[PDB]
Amino acid sequence: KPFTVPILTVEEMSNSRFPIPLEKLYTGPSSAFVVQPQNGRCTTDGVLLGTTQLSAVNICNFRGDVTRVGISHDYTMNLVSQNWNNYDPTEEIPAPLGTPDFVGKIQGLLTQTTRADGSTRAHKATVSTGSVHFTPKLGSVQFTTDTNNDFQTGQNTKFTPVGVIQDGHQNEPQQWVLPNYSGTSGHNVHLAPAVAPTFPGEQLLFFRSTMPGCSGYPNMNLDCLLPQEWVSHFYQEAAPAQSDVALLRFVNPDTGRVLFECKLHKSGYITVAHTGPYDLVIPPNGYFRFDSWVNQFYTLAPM
Amino acid sequence: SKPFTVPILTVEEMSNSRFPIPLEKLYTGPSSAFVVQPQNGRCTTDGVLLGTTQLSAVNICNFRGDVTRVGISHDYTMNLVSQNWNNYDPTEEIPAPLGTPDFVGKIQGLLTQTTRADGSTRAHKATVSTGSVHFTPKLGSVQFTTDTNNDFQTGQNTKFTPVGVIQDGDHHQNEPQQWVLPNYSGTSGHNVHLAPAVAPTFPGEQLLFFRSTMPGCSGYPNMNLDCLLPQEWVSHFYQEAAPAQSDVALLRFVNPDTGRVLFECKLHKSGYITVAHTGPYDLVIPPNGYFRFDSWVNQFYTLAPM
Ligand SMILES: CC(=O)N[C@H]1[C@@H](O[C@H]2[C@@H](O)[C@@H](CO)O[C@H](O)[C@@H]2O[C@@H]2O[C@@H](C)[C@@H](O)[C@@H](O)[C@@H]2O)O[C@H](CO)[C@H](O)[C@@H]1O
Ligand SMILES: CC(=O)N[C@H]1[C@@H](O[C@H]2[C@@H](O)[C@@H](CO)O[C@H](O)[C@@H]2O[C@@H]2O[C@@H](C)[C@@H](O)[C@@H](O)[C@@H]2O)O[C@H](CO)[C@H](O)[C@@H]1O
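Line order of the protein sequences matches chains A and B.
Here the first sequence stands for residues 225 to 392, 395 to 529, numbered as in the entry's author numbering.
So the entry's author numbering is basically just the index in the second sequence, starting at one, shifted up by 223.
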């Protein structure tokens, strides 16, 4: 089966690390830090990695029953799956699929239905993924909410993420620092690998969005390695990789002209030939096109 | 000549095309009491987007723009911009901005804002009542009720992220009304450029719906939300653009483990599905089941009964 990538434009696609649209493309150095996101990780032949699942609308969502912490405004959620069934902590994944893969305070609404009478409720809520109580691999997380009494026990409860907050400027979130999925009780396991360019003159290419800010002065940049639509495409197509590197051309169909070329690595990330931080300039109808299988030492034309 | 296909994703791997939530189940039921005319999740099998349909579920029922307080109240008017923060164009031949809510109801979420100059940010619980006379997205503005009367700044980029729906009143589940379109221009004019209503015409047929449950945020809302196509099918058809070789694509829903067909259905080229069934029915399916395109047929194809 011939390999392909979607023909969708950047702004027609979704971030694979938070449920927001893609905005732009960015390249920059990343030698000084670890790039190891767990969402938006998929091989070109369709093997999902890390905590990656198939739809953007499930990312950084949580479901389960909740219990109040003491008489405070905090609630513990005993996590269940997307469809309210069991999460198995023994499955060899880092945490439930869709779990946040950055240290930060994510704000949203915690909603609940009482099954007996169909009554419903919603409260502003934040999950601090750097907290010792952020233990999704153990099956629970803790939320700070705007209520100390309105949530009932034994009722289906959902967190819908909206954005991020900060306290103290732009010092958090830390998008490239993974939370400890088991808190202080254990180290992270079964992670999608860290990624880095290996060929001189190359940098990663990032698919960038801006997370909404909900309080304070947060760092709102969020970069993913693959659009969510690419994850779903590769998962479905499962086209065999004929080498370790797929050569893509980013084309302006208005003119047929190639704007730049890049390497899509089989293990699921892109590099470009560039040195330095750069906000790419792309036309609104531009898109990526797979042209040929090449190798790790093929020299890209400068971006 | 390009062969037509539908995605192989399972129902629970896909997304509702009318609200940013996962699909839960397949449902068929009677539709004679309704006009079924959703504007999101509308796309032909050869990839022509219809109504207010755009390509990603994460944008549905989102709004962006600048806000101004209404009087000295807790309500704010949002002057809409496009998804990428560029000016909105009311002259485009669509019913309303792509992604606009296509039902009458009170959608609750958070209204967030950043002050560009210093990176300061804020968020407030907010509700948009799409049945309100102030719901005028085609004209370029909608109104929100919020939990503040003072915290939002003028001239700053503001986003509404939807979460769920609310209800008020002794008549439980009286709202939202998922099959009642808003007036996109309010009282100023009638709706324009709509994707057409759909209905079964062949004896013994009903629509097949891809169903989710919207989160409830207050009161006793009707949380059912049915779409005609998963968002992933919209995206698939838009990209593939495979020519329709007849009016109807016959699909079989298959259990991949046994290879057995569970049921068959008619995917009309204009982008909706019928099945041979009468009455409300939550389909009993294996979670790994998927739809498979088998052949090009016509509107009078008599299906094996569900
Ligand atoms: C949880 C809460 O009550 N939020 C309110 C509160 O917000 C303040 C407050 O949390 C302080 C204390 O840490 O920090 C900020 O000042 C925060 O305000 C928010 O962020 C600042 C930088 C501004 O951008 C502000 O507009 C924004 O609200 O009080 C404020 C009103 O002052 C809001 O009501 C929050 O929702
Ligand atoms: C803004 C606020 O203070 N909400 C409270 C309040 O919310 C109520 C209130 O808005 C009434 C208006 O008559 O409507 C509901 O009762 C609403 O509550 C919500 O819906 C009901 C049916 C319950 O499911 C409830 O738990 C939910 O909050 O009062 C409630 C307490 O009942 C909460 O304190 C809200 O925060």
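Even for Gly, the Cβ is constructed at its ideal location relative to N, Cα and C.
Where the alpha helix (DSSP H) through residue i begins and ends
{"i": "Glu463(A)", "result": "454-463"}
Whether residue i touches residue j by CB criterion (8 Å)
{"i": "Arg292(B)", "j": "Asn380(B)", "result": "no"}
{"i": "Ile389(B)", "j": "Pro444(B)", "result": "yes"}
{"i": "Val403(A)", "j": "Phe326(A)", "result": "yes"}
{"i": "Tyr461(B)", "j": "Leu272(B)", "result": "yes"}
{"i": "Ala467(A)", "j": "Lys225(A)", "result": "no"}
{"i": "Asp374(A)", "j": "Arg345(A)", "result": "yes"}
{"i": "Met529(A)", "j": "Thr251(A)", "result": "yes"}
{"i": "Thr497(A)", "j": "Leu430(A)", "result": "yes"}
{"i": "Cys284(B)", "j": "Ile330(B)", "result": "yes"}
{"i": "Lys382(A)", "j": "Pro438(B)", "result": "yes"}
Where the beta strand (DSSP E) through residue i begins and ends
{"i": "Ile330(A)", "result": "329-338"}
{"i": "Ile496(B)", "result": "495-499"}
{"i": "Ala467(B)", "result": "Neither: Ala467(B) is in no beta strand (DSSP E) and is coded neither H nor E."}
{"i": "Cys488(A)", "result": "483-491"}
{"i": "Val520(B)", "result": "513-520"}
{"i": "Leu430(A)", "result": "428-436"}
{"i": "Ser408(B)", "result": "Where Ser408(B) is concerned, there is no enclosing beta strand (DSSP E), given that its DSSP letter is neither H nor E."}
{"i": "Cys266(B)", "result": "From DSSP, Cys266(B) is part of no beta strand (DSSP E); its letter is neither H nor E."}
{"i": "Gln366(A)", "result": "364-369"}
{"i": "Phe358(A)", "result": "Premise fails: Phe358(A) is in no beta strand (DSSP E) and is neither H nor E."}
{"i": "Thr251(A)", "result": "248-251"}
{"i": "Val290(B)", "result": "286-292"}
{"i": "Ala349(B)", "result": "343-352"}
{"i": "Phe227(A)", "result": "Looking at the DSSP string, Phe227(A) is not in any beta strand (DSSP E), and its letter there is neither H nor E."}
{"i": "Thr300(B)", "result": "298-303"}
{"i": "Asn447(A)", "result": "447-450"}
Rounded distance between the beta-carbons of residue j and residue i, thought under 8 Å
{"i": "residue 393(A)", "j": "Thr384(A)", "result": "Chain A lacks coordinates between 392 and 395, the interval that contains residue 393(A)."}
{"i": "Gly512(B)", "j": "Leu485(B)", "result": "6 Å"}
{"i": "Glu487(A)", "j": "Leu473(A)", "result": "6 Å"}
{"i": "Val471(A)", "j": "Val520(A)", "result": "5 Å"}
{"i": "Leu303(A)", "j": "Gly363(A)", "result": "5 Å"}
{"i": "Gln366(A)", "j": "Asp449(A)", "result": "In fact, because the Cβ distance is near 27 Å, the residues do not count as touching under 8 Å."}
{"i": "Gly328(B)", "j": "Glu398(B)", "result": "5 Å"}
{"i": "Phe516(B)", "j": "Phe227(B)", "result": "6 Å"}
{"i": "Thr275(B)", "j": "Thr323(B)", "result": "5 Å"}
{"i": "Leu526(B)", "j": "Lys489(B)", "result": "7 Å"}
{"i": "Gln336(A)", "j": "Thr424(A)", "result": "Not confirmed; about 48 Å, so no contact."}
{"i": "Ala499(A)", "j": "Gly427(A)", "result": "5 Å"}
{"i": "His347(B)", "j": "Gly342(A)", "result": "Contact doesn't hold; Cβ gap of about 26 Å is too wide."}
Any non-hydrogen atom of ligand 4 closer than 7 Å to residue i Cβ
{"i": "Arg339(A)", "result": "As presented, the structure is devoid of ligand 4, carrying ligand 1 and ligand 2 as its sole ligands."}
Checklist line | Stretch pair the region 246-263 of chain B + the region 407-418 of chain B: three plus CB contacts closer than 8 Å | finding: In short, these stretches touch, since the Cβ pair count reaches three.
Note to self: For the pair the region 239-254 of chain B and the region 268-287 of chain B, tell me if three or more CB-CB distances fall below 8 Å.
What the structure shows: Yes, the region 239-254 of chain B touches the region 268-287 of chain B.
Margin query: For the region 269-287 of chain B, list every residue whose C-beta sits within 8 Å of some C-beta in chain A, in sequence order.
Written below: Listed by position, the residues of the region 269-287 of chain B near chain A (Cβ gap below 8 Å) are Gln277, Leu278, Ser279, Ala280, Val281, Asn282.
Check: Do the region 426-442 of chain A and the region 494-509 of chain A meet, that is, are 3 or more Cβ pairs less than 8 Å apart?
Finding: yes
Notebook entry, point to check: On the three-pair Cβ rule with 8 Å, is the region 455-462 of chain B touching the region 228-236 of chain B?
Noted result: yes
Margin query: I want to know whether the region 357-366 of chain B touches the region 398-412 of chain B - three or more CB-CB distances under 8 Å.
Written below: yes
Item checked: chain A contacts from the region 283-314 of chain B (Cβ-Cβ distance under 7 Å) -> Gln306, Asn307
Next item on the list: Take every Cβ of the region 303-311 of chain A, pair it with every Cβ of the region 266-275 of chain A, and state whether three or more of those distances are shorter than 8 Å.
Entry: no
Margin query: Output needed in chain order: residues of the region 336-352 of chain B with a Cβ under 7 Å from some Cβ in chain A.
Written below: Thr337, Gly342, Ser343, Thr344, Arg345, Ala346, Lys348
Item checked: Contact list for the region 433-455 of chain B against chain A, Cβ threshold 7 Å -> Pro438, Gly439, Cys440, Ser441, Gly442, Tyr443, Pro444, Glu455
Checklist line | Interface residues of the region 505-520 of chain B facing chain A [CB-CB below 9 Å] | finding: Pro510
Next item on the list: Can you give me, in chain order, the residues of the region 379-395 of chain B that have a beta carbon less than 7 Å from any beta carbon in chain A?
Entry: Residues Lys382, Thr384, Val386, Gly387, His395.
Item checked: Residues within the region 456-485 of chain B neighbouring chain A, beta-carbon criterion of under 7 Å -> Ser458, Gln462
Next item on the list: Can you give me, in chain order, the residues of the region 248-261 of chain A that have a beta carbon less than 8 Å from any beta carbon in chain B?
Entry: none
Next item on the list: Determine which residues of the region 230-246 of chain A have a Cβ less than 7 Å from any Cβ of chain B, and write them out in chain order.
Entry: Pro230, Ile231, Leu232, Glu235, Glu236, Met237, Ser238, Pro243, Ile244, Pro245
Check: At a Cβ cut of 8 Å, what residues of the region 313-335 of chain B count as close to chain A, listed as they run along the chain?
Finding: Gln331, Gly332, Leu333, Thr335
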